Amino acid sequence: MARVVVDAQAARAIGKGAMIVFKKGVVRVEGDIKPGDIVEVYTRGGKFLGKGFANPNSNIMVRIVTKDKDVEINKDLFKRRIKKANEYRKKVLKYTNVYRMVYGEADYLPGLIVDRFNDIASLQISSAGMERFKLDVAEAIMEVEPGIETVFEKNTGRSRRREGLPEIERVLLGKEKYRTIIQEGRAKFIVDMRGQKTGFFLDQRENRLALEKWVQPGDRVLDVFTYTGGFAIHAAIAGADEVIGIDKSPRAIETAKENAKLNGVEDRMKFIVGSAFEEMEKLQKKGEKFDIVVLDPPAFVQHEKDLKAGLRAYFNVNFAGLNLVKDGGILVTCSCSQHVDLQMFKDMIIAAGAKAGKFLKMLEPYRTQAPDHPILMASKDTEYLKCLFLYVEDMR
């Protein structure tokens, strides 16, 4: 088995809880290595640090799986960890039927993400090493969670492509089922595995539920990047009198309309297919003002190098959103860009508020991704979502 020797900085980080070896921390490699191989990690002094998945072609050269030299990496190890991950959601978080079951490193299963939608589980692998155990993982999921009757492989996305793995979408194990109706609070949503723009993201669960208490009868609500209707639907079932949802994807809007029908709130909802900026300007010129405006744009920052331009994009979206909020109204604004930290997001909102001449007060704490997407204090990369609920008032 190949040995990856790392430098002092790399070893120090692992000693503090890090479970990855960056290419920049590799001093040398003893033995041949191909993407996906299991290798051992050592300090220059020959001290064993751990064993894990290697990828010589990645910034993340090694994802440590175990710090115990005698522990074998196989289906049994992953099954025990998947069971632990599942129990965490059901017994600690008290989630039922619908939740993210496995969130990579946070659950000690680097490169693996598993979402449970009732009796269907979606699997996504972004580590060449973990890919070798794909089928074993699929079997383990159904063995520890009998509620799952289908494992659907959704191996697509930036992470998948970054690792150089082929994109694959198909029923991997179990019954050939790909659509289900999930319940989130009092709301229902259509979840379909096949295709895109017809999904539902679980990371915003707590924030969507948190919105309900702020909706008041007679309320007029605007969801700028509605997608399949997550926040919009929750606002409507909460009693909003009128809700307008905007999204660039025609497919996403078609599903949103279906969700509205499923929840019996089609009468109070209007979905528009189009660009956020153009649609907001039309509303602005009309002198339109909303009681609540929700901004949940796509990650504008994919690389740390794109921060400046990305933050400018957020500034422009938030400025436009703020101008559509009535005096004494509410602005809900989020960012899913991992590279944009809370402080940066906050400074950007303060700047937008200043320009729009509005005082902003916090109504909720600094919100994040749902706890089934655990934020590990020792691994900054696990955290990516920021959400703020703000009371908007004209500075006069």
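Position 1 is the first residue in the sequence shown; the rest follow in order.
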May I ask you to compare 195-203 and 216-224 by their mean CA B factor in the entry and name the higher one?
195-203
Assert higher mean C-alpha B factor (95-103 or 317-325, deposited values) equals 317-325
Looking at 79, 132, 282, 188, which one carries the largest C-alpha B-factor according to the PDB entry?
282
Identity of residue with top Cα B-factor, from 108, 290, 300, 117:
300
Lowest, middle or highest third of the chain for the C-alpha temperature factor of residue 66?
middle
By its CA B factor, does residue 330 count among the lowest, middle or highest third of the modelled residues in the chain?
lowest
How does the C-alpha B factor of residue 23 compare with the rest of the chain: lowest, middle or highest third?
lowest
Thinking about Cα B factors across the chain, which third does residue 296 belong to?
highest
The third of the chain into which the C-alpha temperature factor of residue 364 falls is the lowest
